[PDB]
Amino acid sequence: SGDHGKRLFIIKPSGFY
Amino acid sequence: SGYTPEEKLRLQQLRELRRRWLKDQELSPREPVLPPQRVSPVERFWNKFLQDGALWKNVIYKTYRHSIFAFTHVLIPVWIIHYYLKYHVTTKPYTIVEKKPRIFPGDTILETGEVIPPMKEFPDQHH
Amino acid sequence: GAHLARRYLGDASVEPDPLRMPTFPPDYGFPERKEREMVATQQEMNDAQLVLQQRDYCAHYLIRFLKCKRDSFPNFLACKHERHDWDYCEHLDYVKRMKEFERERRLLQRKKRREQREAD
Amino acid sequence: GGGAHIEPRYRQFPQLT
Amino acid sequence: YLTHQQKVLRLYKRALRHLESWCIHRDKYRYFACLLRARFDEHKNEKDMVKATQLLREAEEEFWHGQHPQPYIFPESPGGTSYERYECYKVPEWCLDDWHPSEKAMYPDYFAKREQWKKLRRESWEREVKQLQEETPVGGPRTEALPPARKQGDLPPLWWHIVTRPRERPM
Amino acid sequence: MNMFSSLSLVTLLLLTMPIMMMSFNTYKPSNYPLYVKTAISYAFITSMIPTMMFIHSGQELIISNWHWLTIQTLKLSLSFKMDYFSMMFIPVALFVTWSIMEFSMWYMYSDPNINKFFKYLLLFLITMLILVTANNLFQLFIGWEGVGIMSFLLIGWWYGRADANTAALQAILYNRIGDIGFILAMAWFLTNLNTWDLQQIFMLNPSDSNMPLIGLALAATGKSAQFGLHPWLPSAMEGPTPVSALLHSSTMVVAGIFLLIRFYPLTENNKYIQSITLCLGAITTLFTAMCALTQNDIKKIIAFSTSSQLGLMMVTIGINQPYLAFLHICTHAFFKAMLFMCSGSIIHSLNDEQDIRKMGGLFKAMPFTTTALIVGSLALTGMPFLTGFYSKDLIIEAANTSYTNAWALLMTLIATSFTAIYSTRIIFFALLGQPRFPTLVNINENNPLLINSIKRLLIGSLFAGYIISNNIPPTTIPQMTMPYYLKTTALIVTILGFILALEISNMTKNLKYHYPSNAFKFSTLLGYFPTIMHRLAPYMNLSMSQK
Amino acid sequence: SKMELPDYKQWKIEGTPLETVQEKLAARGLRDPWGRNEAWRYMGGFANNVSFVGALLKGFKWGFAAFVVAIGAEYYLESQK
Amino acid sequence: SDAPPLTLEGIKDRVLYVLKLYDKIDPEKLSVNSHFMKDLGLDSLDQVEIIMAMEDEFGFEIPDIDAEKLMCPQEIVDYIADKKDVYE
Amino acid sequence: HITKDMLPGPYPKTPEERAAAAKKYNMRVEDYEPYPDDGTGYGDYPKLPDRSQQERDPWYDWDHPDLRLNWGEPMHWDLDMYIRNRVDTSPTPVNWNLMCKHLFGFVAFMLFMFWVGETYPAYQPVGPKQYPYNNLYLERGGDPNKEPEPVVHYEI
Amino acid sequence: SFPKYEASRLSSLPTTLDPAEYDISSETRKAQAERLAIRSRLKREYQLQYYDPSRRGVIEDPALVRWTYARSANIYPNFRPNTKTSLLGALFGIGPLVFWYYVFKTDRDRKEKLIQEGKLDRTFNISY
Amino acid sequence: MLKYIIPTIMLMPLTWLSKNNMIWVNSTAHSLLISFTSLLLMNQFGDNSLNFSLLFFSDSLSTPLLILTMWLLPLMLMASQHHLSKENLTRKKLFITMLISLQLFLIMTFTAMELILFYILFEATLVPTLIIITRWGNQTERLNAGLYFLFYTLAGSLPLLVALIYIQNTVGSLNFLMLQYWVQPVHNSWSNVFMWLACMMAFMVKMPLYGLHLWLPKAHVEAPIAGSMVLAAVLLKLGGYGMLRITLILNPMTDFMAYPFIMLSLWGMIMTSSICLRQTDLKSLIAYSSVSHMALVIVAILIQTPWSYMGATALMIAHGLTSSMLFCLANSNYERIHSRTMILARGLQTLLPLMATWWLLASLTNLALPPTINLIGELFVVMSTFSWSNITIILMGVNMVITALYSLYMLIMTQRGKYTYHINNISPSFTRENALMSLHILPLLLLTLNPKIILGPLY
Ligand SMILES: C[C@H](CCC(=O)O)[C@H]1CC[C@H]2[C@@H]3[C@H](O)C[C@@H]4C[C@H](O)CC[C@]4(C)[C@H]3C[C@H](O)[C@]12C
Ligand SMILES: *C(=O)CCCCCCCCCCCCC
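First, a word on scope: everything that follows refers to the structure included in this document. (Residues numbered from 1 in each chain as written, not as in the entry; some residues may be left out. Chains lettered and ligands numbered in written order. Part of a larger assembly, values for the part shown. Heavy atoms only, no water.)

Time to look at the packing of aromatic side chains. Enumeration over the complete set of coordinates arrives at 91 aromatic pairs over all chains. Residues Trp21(B) and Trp117(E) carry aromatic rings whose centres are separated by 4.7 Å and whose planes lie at 85 degrees to one another, so their mutual orientation is edge-to-face. Remark: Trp117(E) occurs in helix 6 (residues 108-131) and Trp21(B) occurs in helix 1 (residues 5-22); the pair is interchain, linking two chains. Taking the relative accessible area as the measure of exposure, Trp21(B) reaches 3% and is therefore buried. A centroid spacing of 5.3 Å and a plane angle of 55 degrees characterise the contact between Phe227(F) and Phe529(F), whose relative ring orientation is tilted. Here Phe227(F) is found in the loop between helix 8 (210-223) and helix 9 (232-235), whereas its partner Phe529(F) is found in helix 22 (residues 529-533), with 302 residues between them in sequence. Neither residue differs from the other here; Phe227(F) and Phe529(F) are each classed as buried. Here the aromatic residues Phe54(F), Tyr84(F), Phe85(F), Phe89(F), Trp188(F), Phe189(F), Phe202(F), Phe258(F), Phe263(F), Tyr264(F), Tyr323(F) and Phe326(F) are joined through ring pairs into a cluster of three or more. We note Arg83(C) situated over the ring of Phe65(C); from NZ or CZ to the ring centre the distance is 4.5 Å. (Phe/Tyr/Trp six-rings, centres within 6.5 Å; stacked < 30°, edge-to-face > 60°. Helix = DSSP H or I, 4+ residues; strand = E, 2+ residues; numbered from the N terminus. Buried < 20%, exposed > 50% of the residue type's maximum accessible area, 1.4 Å probe, protein only. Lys NZ or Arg CZ within 6 Å of the ring centre and 35° of its normal.)

Written out as structure tokens, the structure reads:
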């Protein structure tokens, strides 16, 4: 958004199920 | 004093462990690898058709996205509501009761050609 | 409240009680009182669809205000003048309300002097 | 986010437009 | 515990903040701040332990009726505007295991290194047990302080979650 | 007729269509946030077509469009009451919601659950509109709870924050308490009377309606945050600002007064309700401002600043002004909600800072924010011809020129000036003085979307309140005649608040030490009602439960 | 990105009330240890700021100038019927 | 709020520039790793004032226990870098 | 799979029995003492301070900073009611009795003053808003069969 | 002046006014150290499981179980003829019940006669 | 009524003759299937009930409870198989068989045309429960709570047997249809006062009644999830059934004998609600919560008003659907942390998104959110008390408040909070777990669309 890239990984609950 | 040599040396490890560790949170160019997914051509139509923009040719797209709402989300329900209203509601007693329309001087009624007697002449104040 | 102050802080009897007002005979020395007419009879008020509180003597003017208003649609700045006819007519009633009170106020104050000498 | 069209300052009047 | 000497500071910094909110204006704040620090420097040279011990009772009995009606508090600190506002979004790391395969297929590279991160979470664990048994007093460890790793390639025991603890802003 | 009724019901069902698209399908992600807003945008238009017809025809339509249930001699339906209030209160709520709609599409960009965020924002709107349009207590009851529940989640959006969990239940605790009178009212109209349809209730004109109305009095005590059940309303400011902007500033808080207005024919004759309601606002309308004179929280202050306006509305009903009080509802909502959004602009550029004492130097460093801050305040303080003044001058007419309690008029003006007092204390720190925010400058509001949000909600207060006055038809005998000072007492005491606060504000510049004062803390600490009643009462109920 | 940080002697107390504390501090026999710390709250482009009177009168010059024209235009548009 | 990024290199002067306005220090003698008590000839009471400035500078409170030990600018950077999890 | 002896039991009436209980919950013998022996029957549990969780420092890195409870620590018999969510007993800003009595003043002050104003309210010195037609007897639905008392409010 | 706050169940005293903590002698030094080491050992004992990869489950806290165990106090303590609490405690659980016995009963007895004489309004009452 | 009894029986060979791995499926498939035919029982008539034969019959009141029971057997199986997967093959058939019989007795119970036959089945219904609770119990603490069930027989069943017998000798029959026409005015006497206690104390304990509830909190603390569901969803509802029917013959004596019962609930409701806020267990909190709702029913039945009966019917229905779901919802956590403590695990919305959706969903209707049937009945009853007595609104209002206070607390304590750091086995929600909750919440709302099916017989 404001800056190109600068993408940080997200830890999430496993949403598949 | 300060972080004792063991603490400061420890912190060097702990902090750098975190500094190096936090670097893992970016992503490779291929990642996040998402599958191909299908595309609807009319969306493809705008994808190539919107690679230019232009004055007259940009509001047209935004206008088009505003054309869907007019009939899909508004006109259809009122047909559904009114249709249901027309036969499945109005056909019942006292399901809809509307206050009798107001009455004013100098008014005529369509039904019986009725007449509203004009009020008495006012005392003629300054006006 | 001068009227509020003078009543109780002053003698209470002189001031007529606002809730019981009026409290003295209408013809307490007040002869030949012309009647207050009603331009719009029971029928017109009924068909006017007006709140009873909105209905009074001056309301016969009030009918004129909206009659233009309904046809005034969509604009709203077309019936301004007609409003003052009712409002000013309403304005007169408020003064009358003030004048109506005093005839009750005067009698209580006047009657005090008459009775004061009747037993002094 | 058009490429940081506003560059924040430090102890300064804002870089307005 | 903590001694009264350090207890002096706990009122030095805190008293300012209530004074700070009272001061509001910047020129007032520094000037009034100088007034307070000047009072501190009235007794800052006082080296009498009985008096220095006795020169703190009134200060605490003095500050209570000067404390702010609505004292200021920093956002991220406890009681602040952003007090744990984002804890609802922070996600535990250990839940990585239950990720569905297809979900994991999006980030093949990142998970590859984790296996080594956990690798030293397992192999180093055994020696980490002994690493405390030379710095382990009888009668239960005296304090909760921890040592570093006195070799190369290992890490100070009891480190896994803090190093892997999520970041401040999940989004 | 057909067109008028048919097009009217579209709004309630139209607004619900996006909701039906959240539980089903996965056709288009990433576009729902705009989807909802356009629906309100479209809904507003369909909310203005009834506006034209209603004013011209004044067609109050009660539509019974179902036969849900039937007990012995009862019948419940999913009916609606298309009348003055719905036709005139719906357009404002959508207008405010439309402004807030685009406001939230920017502020909450930091929330991955933004789509969930709108899954509930649109829900509350639905319930509120159903509430006002409800023709029966039951259906009306449903909205009375939907606002109660939809607030619960929206209040506690960040479920981690202990303030949210405690505050959210605090309001729910109070909100439920109000319903006790509500359920009582249904019982009385079911025992003495026999139905929950307003047609029978008003026509029968109960001769002894103290008990049913007493329940109505309680209903507004907690739901509208009147004194005695007030504290929760400020508590909502522990969460999202946009959430507070609509629920607790314009839409939910109006519930308490609304019921009394909706039962205007019954409330007139019984003065027992009027006095306590008149006094209830009296104690609250100042207790809010009296507390608010020295509060030091931007969002909470606005809440208190809103509280007094709400506290006075009861007095407006307490003086038997059915349709005049209604105006204060719409008029207040515009700017105050904008003030929430304006407070959002401050918090945005401040990067999560809210202390009123940590703000300043924003006249030119925050040009657009400064622009609309004064209008709401001036309109809030009663600037002539502005949205807030019309009610403020009009409302004070009857109260000061009609039968009223001696003490009731006492706090009526004392707090009236206080209304402007905190505004100056706010615009002072907010706009006057050199900057006092932290060293780094994060100030930036060149965001077109918000400007659209501010644009839409900046206009209404200036002009819409003026426009709203013209079309509405006569329903009362305005008290245009009264002593000049009474007609202008507001025009006299209004300037006092600014100056008197200005007298208080500027003397604090001087480099002179401060001095504690009990009253400085009694008002600052909220009169100790929350600080006390929210410790022992939980302790009483819970500490004594085990035995 | 690079965030060029300006010179650190720009912040100063001369000509601003920050030194007025210093002037009164001579009678107090001390000095502010952070004299140059908070010079920005009156420097950097925050020297002049309209007070309460100015806030309400923000931009009223143009409206005031245009207001007279508008009211007169009624006479212009009404004198000729 | 768009993006308030944080960089160690950018933060470098933010901690040090705080010292650059101190009236009890010679700017040139000061170093990135200089101990305050010995290298800068300062005291804990003087050190308290420096710690406070960081809270007005950056806007986040500091615990009393850990404030004391931050006698090195790098450590102060570590506290700011480590608490916010800034690594680059 | 927990021993019988390491569970709440009778009231210990001698210090020797009290030795286990203090040790049982990891409370030193000095800090430990149970409720008085009575029919209350709260067992050999300790008598912890009547304090809330928010009072405890959060800066410490607890196992459960959410509760500010550390593993192995004892729990107040009603620690569930003293949790951060529930009743808080943190230090108060203003004097207890005065705080309670500060509420008493303003609220007690207003109620009676209304009754004082009720006897002498405020109004304007004007007559009734006169109405025609027998004081709107028929407009109010008055029975047409039984005419009301004649009403004529004369001019003036 | 500065009237010291009256310590109350709902208002804990400020930390820097209790005379106990100003002086920290062996009578306080000894106790303070013992708790930390005892607390440390628990942390150390818990630190193994928390940072041990092997565990896949929920720690069986011994403190929690006893706290839950003590709540379910059924017959083990207490004596039947203990006049201090049995008589008065039993009142809190049987006292107010009788109070309602007359409250509603009186109205219904009161209410019934009115109906028998028509002294109460029911003209438009059906739901009963 | 045979068309539902025999196929219920036929599940027994299916539970036994079936293959090793199809034991669960086969019963599940047909058990769900049978309930479909159960819906046929909604062929009520305005003036007369449905009288099949001399052995069974179902009126308007009976059917909704019948549907719930048949609708509830498959749901009980779904939850069961997780904890039974480790059990050996033969026992699972044993446990499953008891449920089939348990349903058999229940369906025959509510449809019984003769009171004694109802009395017989009433006693039988307990036997499967005791095995299920005891044989597969969750505890080994030997509470020695037999006295309560001994007290039940002494103060409950056994007196009821004599009164039922006495009525038949005097009146001449115990067929409810006959009772409708041969009911006689029970004048006031010490004997009748004793007879009255015989007809009601038996059903009061099972509801249960405040003071007599000591078994319920300890019954759920040990009963497995399979046993718990039927207990609160069906078994508690037996008393109201008989009480509604039996009270046909106790007038006018009930006009004054009800007060000690009414006061027990009117005040009992608040007491239970408050203690829940203090409870330290997900199941136990539900236990007293169960007593709360059941207390409202007791008042409705005794006053015997046309609205009371209508509201009472839904309260049993909604509560049965409510609590049953809550146990399953609560037992979802048990499948991970293997505990009943409510504070051991927190902030589960961070790890079980869709699980919290049920939690919020179920809790909403627990506190009688409108227009759901949880509130239609509860709100129906509140009005009826007003005609009986206006003061009652105070206690109902307080009860609703506290019932609204703890209901959200349990949700707040667990889902709205910070995750337990040490817990490391919060696996994603399984299809079975989510499916089980969904079958509960959905129909619970659907009946709100059409209230005419659980309005009771007075409608
Ligand atoms: C039928 C149509 C699918 C069109 C497609 O193939 O993408 C459906 C699926 C996605 C929907 C759209 C998306 O929800 C968002 C579109 C853009 C704006 O939000 C207005 C509604 C909006 C115009 C919607 C109209 C209609 O409901 C859509 C267009
Ligand atoms: C009370 O409500 C108003 C207080 C002022 C009373 C006015 C007294 C002085 C003027 C009285 C004579 C003129 C009539 C207003």
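This next bit is on the nonpolar core. The nonpolar side chains of a soluble globular protein tend to be buried, and buried together. Within the largest apolar cluster, 435 residues are counted, with the highest numbers of intra-cluster contacts made by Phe189(F) and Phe263(F). Sorting elements by how many residues they give to this core places helix 15 (residues 322-350) of chain F first, with 18 residues. Setting aside its immediate chain neighbours within four residues, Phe189(F) contacts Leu137(F), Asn194(F), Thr195(F), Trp196(F), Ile201(F), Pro212(F), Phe263(F) and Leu266(F). Counting residues in hydrophobic clusters, the runner-up holds 30 residues, among them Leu11(B), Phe36(H), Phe58(H) and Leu70(H). (Core = buried A, V, L, I, M, F, W, Y, C linked by side-chain atoms within 4.5 Å. Contact = heavy atoms within 4.5 Å.)

On to the environment of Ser49(K). All names here are of chain K. Relative to the helices and strands, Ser-49 is located in the loop between helix 2 (23-38) and strand 1 (50-51). Here the alpha-carbon distance between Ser-49 and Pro-457, two residues 408 residues apart in the chain, equals 8.9 Å. Each residue touching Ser-49, except ones within four places of it in the same chain, is listed here: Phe-57 and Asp-59. A polar atom in the side chain of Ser-49 sits 3.0 Å from the side chain of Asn-51. (Polar contact = N/O pair within 3.5 Å; in protein donor to acceptor, adjacent residues only side chain to side chain.)

Quick look at the packing of helix 3 (residues 62-84) of chain K against helix 4 (residues 89-111) of chain K now. Packed helices, taken two at a time, are described by the angle their axes make and the gap between the axes. All names here are of chain K. Here helix 3 crosses helix 4 at 170 degrees, and the two axes come no closer than 9 Å. As the angle between them shows, helix 3 and helix 4 are arranged roughly antiparallel. Contacts from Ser-62, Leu-65, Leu-66, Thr-69, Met-70, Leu-73, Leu-77, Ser-80 and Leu-84 of helix 3 reach helix 4 at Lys-92, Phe-95, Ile-96, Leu-99, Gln-103, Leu-106, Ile-107, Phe-110 and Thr-111. Its residues placed into classes, the contact of helix 3 with helix 4 shows 12 nonpolar, five polar and one charged. (Axes fitted to C-alpha atoms, helices over the stretch in contact; angles between N-to-C directions. Parallel < 35°, antiparallel > 145°, perpendicular 65-115°, else oblique. Nonpolar A, V, L, I, M, F, W, Y, C, P; charged D, E, K, R; others polar.)

Below, the discussion takes up the interface of chain J and chain I. Between chain J and chain I, the contact holds 36 residues from the first and 42 residues from the second. Where chain J abuts chain I, roughly 3600 Å² becomes buried across the two surfaces, and 57% of that area is made up of carbon and sulfur atoms. For the chain J face of the interface with chain I, the top three residues by lost area are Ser12(J), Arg66(J) and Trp67(J), together amounting to 19%. Where chain J packs against chain I, one counts four salt bridges. Among the ionic pairs, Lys43(J) bridges to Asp63(I), the shortest N-O distance being 2.5 Å. Where chain J packs against chain I, one counts 14 residue pairs in polar contact. Of all the elements in the fold, those that place two or more residues in the side of chain J that touches chain I are helix 2 (26-50) and helix 3 (62-71) of chain J. Looking at side-chain class alone, the side of chain J that touches chain I contains 19 nonpolar, six polar and 11 charged residues. (Buried area = accessible area lost by both parts, 1.4 Å probe. Salt bridge = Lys/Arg side-chain N within 4 Å of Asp/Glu carboxyl O.)

Residues and elements named next belong to chain B. With 33 residues, helix 3 (residues 56-88) ought to run about 48 Å at 1.5 Å a step, and its terminal C-alpha atoms sit 46 Å apart, in line with that. Of all bends in helix 3, the biggest is about 30 degrees, found at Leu-75, and the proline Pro-77 comes one to four residues later. When we look at burial in helix 3, the residues that qualify are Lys-57, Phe-69, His-73, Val-74, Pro-77, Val-78, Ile-81 and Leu-85. (Expected span 1.5 Å × (residues − 1). Bend = angle between axes of the 7 residues up to and from the residue.)

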